[PDB]
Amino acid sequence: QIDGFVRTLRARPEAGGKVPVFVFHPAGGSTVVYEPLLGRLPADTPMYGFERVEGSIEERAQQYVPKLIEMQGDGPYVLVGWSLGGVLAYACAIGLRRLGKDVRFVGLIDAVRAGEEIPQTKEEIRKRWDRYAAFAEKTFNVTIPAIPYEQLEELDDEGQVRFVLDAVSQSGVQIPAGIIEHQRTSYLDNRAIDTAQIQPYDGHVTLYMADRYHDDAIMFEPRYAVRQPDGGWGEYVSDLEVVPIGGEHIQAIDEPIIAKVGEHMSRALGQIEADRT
């Protein structure tokens, strides 16, 4: 049921049966979030979830791709993800295609680019932590002294966090390690997206598009306030289908909206199963 980074949500039969759906975790969550979707897919659809690993998006896909091949061979591959999971699913479709495997479906559940690129600069690192420090002033009713920008500016996202957590530990506050893990992993996993090196894909992608990012995403990164109609994918994906679903990014994975995703996806899986049979 949990084997390394692979969660079994519905086991495939010992032999034969329908094409599995591989789902990839969101930042801060596990693949149990795909249970509602599973309920709106056809009976006996197998489903396996890929849980977090470390590295860049490319490095994470380098860990997943071998495991995908161990599980499902030449194909067909059906890859699905919400939020960061959608970025991970796509990265896997690229890795699999370079190895000549047969990718038939890539379903992105509101995996939408920031409305403009997030600069990877020292100035942007300073601005981002100034915003974060101001929120923390308000929230924890404190004054924050001068941020040690020289220190933070040379560190990766991970380093920036551990530095900030070492400095919070330093004075006063002892945080439950479970709270720290959860906040640190959510934060780093969502930041890994900003430097994804998106490659062109030659197959069909389906983007389930909500109306907007929710407020906490915008707080994390204000460029999520704007989105383009193709969610940023059009330059990389010639064969791009968008399925508007409405609502907010945070709601897209849950009932009732997931009913709309599953209905559409069920027809795509049906077509795939007919094309083999």
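We call the rigid core the largest set of C-alpha positions that still match within 1.5 Å between the two forms. A residue's number is simply how far along the shown sequence it sits, counting from 1.
inquiry  = Between 231 to 239 and 214 to 222, which one shows the bigger average Cα displacement from this form in 7 other deposited structures of this protein once the rigid core is aligned?
reply    = Comparing 231 to 239 with 214 to 222, the larger C-alpha deviation in 7 other deposited structures of this protein belongs to 214 to 222.
Stretch with larger C-alpha RMS deviation in 7 other deposited structures of this protein, core superposed, 70 to 78 versus 154 to 162 = When 70 to 78 and 154 to 162 are compared in 7 other deposited structures of this protein, the bigger C-alpha shift is seen for 154 to 162.
message = Please compare 173 to 181 with 109 to 117 and name the stretch with the higher mean C-alpha B-factor in the deposited structure.
response = According to the PDB entry, the answer is 173 to 181.
request  = State which stretch shows the higher mean Cα B factor in the entry: 185 to 193 or 137 to 145.
outcome  = So the stretch with the higher mean C-alpha B-factor is 137 to 145.
request  = Would you mind checking which of 244, 66, 46, 229 has the top Cα temperature factor in the PDB entry?
outcome  = Among 244, 66, 46, 229, the highest C-alpha B-factor in the entry belongs to 229.
message = Using only the C-alpha B-factors in the record, can you name which of 256, 262, 20, 16 has the highest?
response = Answer, based on the entry's C-alpha B-factors: 16.
query = C-alpha B factor of residue 35, ranked within the chain: lowest, middle or highest third?
reply = Lowest third.
inquiry  = Where does the C-alpha B-factor of residue 123 rank in its chain, lowest, middle or highest third?
reply    = According to the entry, residue 123 has a C-alpha B-factor in the chain's lowest third.
request  = Ordered by C-alpha B-factor within the chain, which third holds residue 62? Give me lowest, middle or highest, please.
outcome  = Its C-alpha B-factor belongs to the middle third of this chain's values.
Chain-relative CA temperature factor third for residue 81 = For residue 81, whose C-alpha B-factor we compare with every modelled residue in the chain, the answer is the lowest third.
query = Among the chain's modelled residues, which third holds the C-alpha B-factor of residue 206?
reply = For residue 206, whose C-alpha B-factor we compare with every modelled residue in the chain, the answer is the lowest third.
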